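Below, read A as the first sequence line, B as the second, and so on, with proteins coming before strands; counting in each chain starts at 1. Note: hydrogens, waters and symmetry copies are ignored here, and every other heavy atom, side chains too, is used.
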Amino acid sequence: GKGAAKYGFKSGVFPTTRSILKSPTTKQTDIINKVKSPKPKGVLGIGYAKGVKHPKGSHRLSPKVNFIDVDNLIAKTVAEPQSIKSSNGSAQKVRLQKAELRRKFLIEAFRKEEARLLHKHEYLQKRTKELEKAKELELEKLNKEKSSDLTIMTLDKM
Amino acid sequence: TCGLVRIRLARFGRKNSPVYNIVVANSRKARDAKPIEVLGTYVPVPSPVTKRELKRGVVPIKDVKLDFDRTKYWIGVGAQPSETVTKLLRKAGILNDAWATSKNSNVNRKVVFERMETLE
Amino acid sequence: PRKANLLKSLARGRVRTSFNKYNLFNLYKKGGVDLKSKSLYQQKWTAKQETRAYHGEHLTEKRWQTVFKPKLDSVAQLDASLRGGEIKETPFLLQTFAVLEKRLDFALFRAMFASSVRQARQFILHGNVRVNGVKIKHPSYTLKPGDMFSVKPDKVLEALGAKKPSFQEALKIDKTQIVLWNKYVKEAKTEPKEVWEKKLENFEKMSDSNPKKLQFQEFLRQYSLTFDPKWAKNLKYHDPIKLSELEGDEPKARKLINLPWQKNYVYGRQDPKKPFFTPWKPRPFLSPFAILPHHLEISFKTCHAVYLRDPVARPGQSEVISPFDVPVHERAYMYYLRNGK
Amino acid sequence: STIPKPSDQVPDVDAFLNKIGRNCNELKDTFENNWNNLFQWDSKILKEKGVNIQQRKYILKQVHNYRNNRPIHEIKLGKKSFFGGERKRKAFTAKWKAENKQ
Amino acid sequence: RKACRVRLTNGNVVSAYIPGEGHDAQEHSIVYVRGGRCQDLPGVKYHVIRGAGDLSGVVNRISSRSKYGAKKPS
Amino acid sequence: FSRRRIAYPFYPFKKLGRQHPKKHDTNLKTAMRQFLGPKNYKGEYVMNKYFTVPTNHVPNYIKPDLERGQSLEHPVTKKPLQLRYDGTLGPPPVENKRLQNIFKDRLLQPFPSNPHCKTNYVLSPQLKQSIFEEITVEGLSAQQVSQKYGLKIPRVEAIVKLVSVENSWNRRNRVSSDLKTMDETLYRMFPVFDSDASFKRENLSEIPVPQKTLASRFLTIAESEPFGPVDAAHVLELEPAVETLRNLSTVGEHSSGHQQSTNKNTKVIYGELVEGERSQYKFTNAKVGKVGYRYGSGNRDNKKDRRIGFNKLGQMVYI
RNA sequence: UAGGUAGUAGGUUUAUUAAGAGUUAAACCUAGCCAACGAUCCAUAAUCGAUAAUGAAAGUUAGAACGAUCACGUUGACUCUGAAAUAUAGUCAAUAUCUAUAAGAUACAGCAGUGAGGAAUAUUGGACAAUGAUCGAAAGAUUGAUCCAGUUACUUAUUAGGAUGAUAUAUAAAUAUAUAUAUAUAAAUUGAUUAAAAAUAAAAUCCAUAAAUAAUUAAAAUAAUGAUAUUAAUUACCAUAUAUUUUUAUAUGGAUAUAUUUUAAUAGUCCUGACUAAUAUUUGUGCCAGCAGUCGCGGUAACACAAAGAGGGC
Ligand SMILES: [K+]
Ligand SMILES: [K+]
Ligand SMILES: [K+]
Ligand SMILES: [K+]
Ligand SMILES: [K+]
Ligand SMILES: [Mg+2]
Ligand SMILES: [Mg+2]
Ligand SMILES: [Mg+2]
Ligand SMILES: [Mg+2]
Ligand SMILES: [Mg+2]
Ligand SMILES: [Mg+2]
Ligand SMILES: [Mg+2]
Ligand SMILES: [Mg+2]
Ligand SMILES: [Mg+2]
Ligand SMILES: [Mg+2]
Ligand SMILES: [Mg+2]
Ligand SMILES: [Mg+2]
Ligand SMILES: [Mg+2]
Ligand SMILES: [Mg+2]
Ligand SMILES: [Mg+2]
Ligand SMILES: [Mg+2]
Ligand SMILES: [Mg+2]
Ligand SMILES: [Mg+2]
Ligand SMILES: [Mg+2]
Ligand SMILES: [Mg+2]
Ligand SMILES: [Mg+2]
Ligand SMILES: [Mg+2]
Ligand SMILES: [Mg+2]
Ligand SMILES: [Mg+2]
Ligand SMILES: [Mg+2]
């Protein structure tokens, strides 16, 4: 139907993509700074102003964001076997191989996701600065006086 | 297959022309219900090779599209592949011989072509 | 497809994509489409009647309406402004039926590999057509720019060649040919001088359109152009044919026939195993329809063709071959845009 | 594949058809005690010989087992409880406890 | 103009026009009623279908047979 | 106002008079016999000026308007012959001036009512070999051969492809006498292409007309401000038209600039093949959110626009 | 439907819960809260989409099919277990039926099927081969999920034959190549007497393919397993070698009597006064019979009724 136009004429839907990292990481410095920034007040403010009692039984401030330390996430989720146990049994060997592959996969997933997130912030920052510079250049060309401008009547003094 | 999160084929297409989505799904949901994620596609019918190609030595190819990175993540968090999906992942080189069974264990069968990773 | 009924009716006078004799007369006597005095609906209906008769008549109206594309494709010459000559208007609306030209059956007709679109469909359906080396047996297969398609040579010769006469039909032509040959040997022998004098005068009005004069010069070198009584004496009378005696026995018949032009074979049956008139000659009335398409490159020696592009409209020309003028196509386009409303 | 060799427990096809069970001893005339026929005939040939769907698939499964040195002992198909299937067990048991023990 | 009062299976009583030349409709005859009014008869807003139920097709109808429940002559 | 109109010839013809009751003839049938002329014992129409093909590279297309329906001529002298009161054919009383000086354009126009349809020029067997030998042996680019002989690049590429097929056919003696006879006959029916003749040369500056540009935008600028093709291209947010022409000339397989390598960046895996396996698995890397069959997509099977395609074997398959 | 609300609106405290709250229960306070931009009440309805229909579009319609969500499993309430259930469970009651007559069992909105209702919607089918689900260490078992087939023009698509084709005889000396072949005689269906046609329509001629027949035979699935299935497709004596985009071609080993299986083509339905495509006319009826979406038609030359001819759509 007409609705498909809004989505590239794609008919049907896919399940929403899950996020490997469910919270921001401790290396996403940009986000960490924003939450630490003082909250605004006034017309466009957020929070209870000084001297304004908050509702009894309610928390005055918002809960602190939980930043994930990928090193700690990896240490608690896919910890390595503490001892090199004797896997002489056929089933023990299969389990050891499967556990090793699973640990390799999930550690690569968490570290690739963190890298992607950090690399995406840098790319956006670079792209925005470029766009800003290009806009200034474009605007400067627009403001540049051409010879044709002499034929445009003007009343600058008035 | 066990667990609550399984990697299995969901059937699409028409009668007598099956195609499949490779999906991560809750064990209890319907086979063709919208899954957690769609990892790829499996077309079971091999591409037909012409008479000349056959003598030339061309082997029919079954085509699978798969997100290799996302699939590894789901194996990492304990998702359990179905038997057919297991065969596909072992052929792709994502899973290894630790996932083979006694009935399909090709312990002694000659390799005519070795898994080759290329760019195209 | 739509059943073929009364396609070549002279009263209706519809023009079809064929080389048929009756279809040539309908085209000859048409004298354009009359659109005067008709209301807008009547004009559109008439345009639809005429155009659809030629462009894809075998397609059902409902299928055609689905196939019909409102978007027409033209080209922009980027040097026009750098020429200085009076520019011509592009006939955009002659692209109304261009969507059909990419069909395999239409492509065969435009390549002159079949005598009509209907025959092209049967060639495709019977397994005689290949596209890019693969046998395609669906007339509705759509070609893409660069595709090469081929037709079995025997089928193309049967479409562009004369009809094979039957043994009985060709055996009555030889009987008459022998009678009219023995009359030329009785007039050459009774008064040889006049016949040779007439013979020389005929060769003056040949105009070079008749290659027989070129061959005749060879014959005059095989024997100043002065009369020779040895000629009349050399002439011999062929023996009459008893149709009943040699009836049902072709080898016998093709051993009792020996004419100066047709030797040891019945008329049109030099090789009865071939599916066409032998020796091969073009079908009657081929010149009026022999049009070389701008969108196909044809190799008649091998019966191969390449689909260069989809037909396009350019200043002063449309690559869509049509017997109808732009005003008729404009009315037809107006009809299908609104689904005949 | 290849033709396995007769053993002491399964000397001939008739012994093979008796060990697997599932009434497969009623096909002894189809095979004619020919060892090679049992290990060469595929489903298409067995279907042409009148073997029904269930039996021919079962034989081919046991032929593969024999070829791989896996046991060919009869495994029985499932059967409903004496007191009936779960959906009709409450009713059956109620009518069986009022006609046996009152 | 031949008409008929009919009690529909939903309890509504209507007046239906009987089309065609000649009809065998009587009281208690099972009829099928479709939409369509008889312009010159006020209050007759429906038509009975010829060749359905107990109403037979028009006898000896040659043209437009499908509209009068007449089967094709061999 | 509209009524059924029997398609009588627009030109004058001899209508039927009083008829014997058993003839049961029609005025359309008698008009056709007059167009065709007498039919000989061999089933031919020798008196009709269209029965036989031209052999001088000049198409013989119907000209009913210019000859006023007179289609009969002497089979050897090509001199007009018309029907007389006696029922015989003889010289016309007055020569037809409309048939002696025909415009060059009309000669190539097959249909009287459509002057926008013209026949194409046939390429001589020599020019084709020259083009074949320059692209393949000398190594010239299709752009060069196109700009040299005045042929569009797609046609140049097609000639190379077809000449290759004629060499294989001639190398295996597959071109029979009948095929040679037919080819020559058809060659002598069409006007031969002349690379030198400027009018015969094909335009080489044509580009497809986009749709966004098809609209008419107007800008009011200063009276002495220069505005050119490049400025217009920026306004319409399209590459310059000259650039489009240049990019369309580098598409030929033998043309300069032909390049295709930016796509060789998709990881592919070819699964191990073991003895006895009848097929090989090929895995192509994809991205979640793009790959897969979508859920709840529109079913078109019961709709007029149901998608129909063709597989590698040419078999019709539903998509 | 104009007033509604009385745990109603708010405050405080306890109980209960993993958890907020008149959410529930208890207590004590304040007099609030909603409402003509529609409260309360009544009626009706499962909701929606990157689904379907339509339109230039904004929109409108549907909610069958595909997918998402909710609710329910004859009706009501309650309880147990549990992370989660007022569970298709259990308890009690209601309605109906049944047999074993018990503080009994059953409730087809699971599949197939039957009666009823209705204008109207199908098999009491096959298989677990595939994809899944459950149990099992495994071997395996189960699966009306599912996959297949059956019924039904309900919808869509492909195919459902091309080229040639206005007559038949008799006719004509006794090979530098002819050639506008020419005469007689008979025959010629419906309409019509010329712009009145039916009609290239038919037959006939040429050449095909489908099916059949024969051989062969993928793929769905492999370690093995194929319900569909008398598989699709291909090939036309079969096999082989060489050359040979394809394809073609030659030659070979075996195979029949120099050739090699056979061979087609019966569409319906509506309409022709105008809107609205339909000019070749004619017969019956006579404001009757009937037709009709709108205007209207029919009272003896009816283009409109009922038909023949011819014609126009799909
Ligand atoms: K359309
Ligand atoms: K209200
Ligand atoms: K339903
Ligand atoms: K199963
Ligand atoms: K009709
Ligand atoms: Mg288990
Ligand atoms: Mg009527
Ligand atoms: Mg009209
Ligand atoms: Mg509280
Ligand atoms: Mg309350
Ligand atoms: Mg209280
Ligand atoms: Mg309801
Ligand atoms: Mg809605
Ligand atoms: Mg639904
Ligand atoms: Mg709604
Ligand atoms: Mg349903
Ligand atoms: Mg419930
Ligand atoms: Mg309930
Ligand atoms: Mg309950
Ligand atoms: Mg019920
Ligand atoms: Mg049911
Ligand atoms: Mg009923
Ligand atoms: Mg069953
Ligand atoms: Mg008569
Ligand atoms: Mg067949
Ligand atoms: Mg098999
Ligand atoms: Mg009358
Ligand atoms: Mg009318
Ligand atoms: Mg009438
Ligand atoms: Mg009639």
Whole-Å gap separating [atom2] ([N]) and [atom1] ([X]):
X: B:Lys15; N: G:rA130; atom1: NZ; atom2: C1'; answer: 15 Å
X: C:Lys212; N: G:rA176; atom1: NZ; atom2: P; answer: 16 Å
X: C:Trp261; N: G:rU175; atom1: CH2; atom2: P; answer: 12 Å
X: C:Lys62; N: G:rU156; atom1: NZ; atom2: P; answer: 8 Å
X: C:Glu169; N: G:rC207; atom1: CD; atom2: P; answer: 11 Å
X: B:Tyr20; N: G:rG132; atom1: OH; atom2: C1'; answer: 10 Å
X: F:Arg306; N: G:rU158; atom1: CZ; atom2: P; answer: 10 Å
X: F:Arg5; N: G:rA197; atom1: CZ; atom2: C1'; answer: 17 Å

Quick test of the criterion, 5.5 Å between centres and less than 30° between planes. Is [X] stacked on [N] or not?
X: F:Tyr8; N: G:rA195; value: yes
X: A:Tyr7; N: G:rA50; value: yes
X: C:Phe219; N: G:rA176; value: no

When the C1'-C2'-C3'-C4' sign is the only test used, does the sugar of [N] come out north or south?
N: G:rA267; answer: south
N: G:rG286; answer: south
N: G:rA31; answer: south
N: G:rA255; answer: north

What does the list of N/O pairs under 3.5 Å between the protein and nucleotides 226-230 of chain G look like, with a distance for each?
{"from": "G:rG226", "atom 1": "OP1", "to": "D:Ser43", "atom 2": "OG", "distance (Å)": "2.4"}
{"from": "G:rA227", "atom 1": "OP2", "to": "D:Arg56", "atom 2": "NH2", "distance (Å)": "2.9"}
{"from": "G:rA229", "atom 1": "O3'", "to": "D:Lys47", "atom 2": "NZ", "distance (Å)": "3.0"}
{"from": "G:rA229", "atom 1": "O2'", "to": "D:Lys47", "atom 2": "NZ", "distance (Å)": "3.3"}
{"from": "G:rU230", "atom 1": "OP2", "to": "D:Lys47", "atom 2": "NZ", "distance (Å)": "2.9"}

Within the pair [X] and [N], is there a side-chain N or O less than 4.0 Å away from OP1 or OP2?
X: B:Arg52; N: G:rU247; answer: no
X: C:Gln42; N: G:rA277; answer: yes
X: D:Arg70; N: G:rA223; answer: no

Could you list the protein-to-nucleotides 232-242 of chain G atom pairs, N/O on both sides, closer than 3.5 Å?
{"from": "G:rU234", "atom 1": "OP1", "to": "C:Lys137", "atom 2": "NZ", "distance (Å)": "3.2"}

Would you call [N] syn or anti, using the 90° rule around 0?
N: G:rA52; answer: anti
N: G:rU47; answer: anti
N: G:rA36; answer: syn

N/O-N/O pairs, protein side and nucleotides 299-310 of chain G side, under 3.5 Å:
{"from": "G:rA306", "atom 1": "OP1", "to": "E:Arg61", "atom 2": "NH1", "distance (Å)": "3.0"}
{"from": "G:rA306", "atom 1": "OP1", "to": "E:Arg61", "atom 2": "NH2", "distance (Å)": "2.9"}
{"from": "G:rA307", "atom 1": "OP1", "to": "E:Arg61", "atom 2": "NE", "distance (Å)": "3.4"}
{"from": "G:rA307", "atom 1": "OP1", "to": "E:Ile62", "atom 2": "N", "distance (Å)": "2.8"}
{"from": "G:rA307", "atom 1": "OP1", "to": "E:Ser63", "atom 2": "N", "distance (Å)": "3.0"}
{"from": "G:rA307", "atom 1": "OP2", "to": "E:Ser63", "atom 2": "OG", "distance (Å)": "2.7"}

Give a yes or no on whether the neighbouring nucleotides [M] and [N] have stacked bases (ring centres less than 5.5 Å apart, plane angle less than 30°).
N: G:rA204; M: G:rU205; value: yes
N: G:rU262; M: G:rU263; value: yes
N: G:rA255; M: G:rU256; value: yes

Worksheet item: Counting side-chain heavy atoms from CB outward, which of G:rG165, G:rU245, G:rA176 is closest to C:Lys263?
Response: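 Ranking G:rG165, G:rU245, G:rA176 by closest atom to the C:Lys263 side chain puts G:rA176 first.
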Check the interface with nucleotides 66-70 of chain G: list each N/O to N/O pair with the protein under 3.5 Å, or write none.
{"from": "G:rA68", "atom 1": "OP1", "to": "B:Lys34", "atom 2": "N", "distance (Å)": "2.9"}

Write down the protein N/O and nucleotide N/O pairs, taken from nucleotides 159-161 of chain G, whose separation is under 3.5 Å; answer none if there are no such pairs.
{"from": "G:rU159", "atom 1": "OP1", "to": "C:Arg121", "atom 2": "NH2", "distance (Å)": "2.9"}
{"from": "G:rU159", "atom 1": "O5'", "to": "C:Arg121", "atom 2": "NH2", "distance (Å)": "3.4"}
{"from": "G:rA160", "atom 1": "OP1", "to": "C:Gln122", "atom 2": "NE2", "distance (Å)": "3.4"}
{"from": "G:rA160", "atom 1": "OP2", "to": "C:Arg121", "atom 2": "NH1", "distance (Å)": "3.3"}
{"from": "G:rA160", "atom 1": "OP2", "to": "C:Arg121", "atom 2": "NH2", "distance (Å)": "3.2"}
{"from": "G:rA160", "atom 1": "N7", "to": "C:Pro1", "atom 2": "N", "distance (Å)": "3.4"}
{"from": "G:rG161", "atom 1": "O3'", "to": "C:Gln122", "atom 2": "NE2", "distance (Å)": "3.2"}

Discussion item. Tell me if the aromatic rings of B:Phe12 and F:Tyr295 count as close, with their centers under 6.0 Å from one another.
Written reply: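 Close enough - the centres of the two rings lie under 6.0 Å apart.
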Worksheet item: Going by atom types only, do E:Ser63 and E:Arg61 share a side-chain donor-acceptor pair under 3.5 Å?
Response: yes
Any protein N or O atoms within reach of nucleotides 105-112 of chain G? Criterion: under 3.5 Å, listing atom names and distances.
{"from": "G:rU106", "atom 1": "OP2", "to": "D:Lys90", "atom 2": "NZ", "distance (Å)": "3.3"}

